[PDB]
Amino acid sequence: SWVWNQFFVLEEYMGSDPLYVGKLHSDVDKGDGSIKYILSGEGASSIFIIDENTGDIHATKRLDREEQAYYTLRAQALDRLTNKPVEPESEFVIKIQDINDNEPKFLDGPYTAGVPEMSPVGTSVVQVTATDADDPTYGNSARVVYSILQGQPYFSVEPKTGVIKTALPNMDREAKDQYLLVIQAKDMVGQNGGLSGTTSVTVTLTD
């Protein structure tokens, strides 16, 4: 079945005029005001208000998707005289639409890892993980690309997975036993304008 019972409103609005969310409407409504539209549920009468005559919903404050990403409300349509329902009460969702306002963050960083000296090229060393609190299903605001800022050509990193691998054969611990890498994670899939985060990786060569 098609799912239609959802509205959205953009997060982090800084204007003074309340944002318009949408309109509750019964097709029984003849435009004569005899139906009263009533809002209940999450944020109802506080964050979200309704005009009982027109069904228009507004949001009354700046909203943060990363605080709560959506709200589940209920809609009623009552006859003004009798207060009896003209429609069955229905749930509906108000979705908080994402903007890219969070940087990728390496929450478990910094990293340390060991790898045997003289490992073959392509040996996995460690997987680093940047988390991006934005919406991974809308645009690229939470779609991250990994890169090595400092550490090429000795190591490589898989751009989508954050797995660091050895890149040079025949590393000698006697010559150099430790490497200090800087890894970047950048959203908007690394495109210009993306937000970024970084972490350090200390790689020790083990015998």
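Residues carry their position along the shown sequence, with the first being 1.
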| message | So, looking at the entry's B-factor column for Cα atoms, which has the higher mean, 120-128 or 87-95? | response | 120-128
| request: Using only the Cα atoms and their B-factors as the entry lists them, report which of 137-145 and 155-163 averages higher. | output: 137-145
| task | Compare the CA B factors listed in the entry for 10, 21, 24, 188 and report the winner. | result | 188
| Going by what the PDB entry lists, where does residue 41 fall on CA B-factor within its chain: lowest, middle or highest third? | middle
| Sorting the chain's CA B-factors, does residue 67 end up in the lowest, middle or highest third? | middle
| message | Test of reading the entry: by CA B factor among the chain's modelled residues, which third contains residue 5? | response | lowest
| Chain thirds of CA B-factor: placement of residue 32 | middle
| task | Compare the C-alpha B factor of residue 47 with those of the other modelled residues in its chain, then answer lowest, middle or highest third. | result | middle
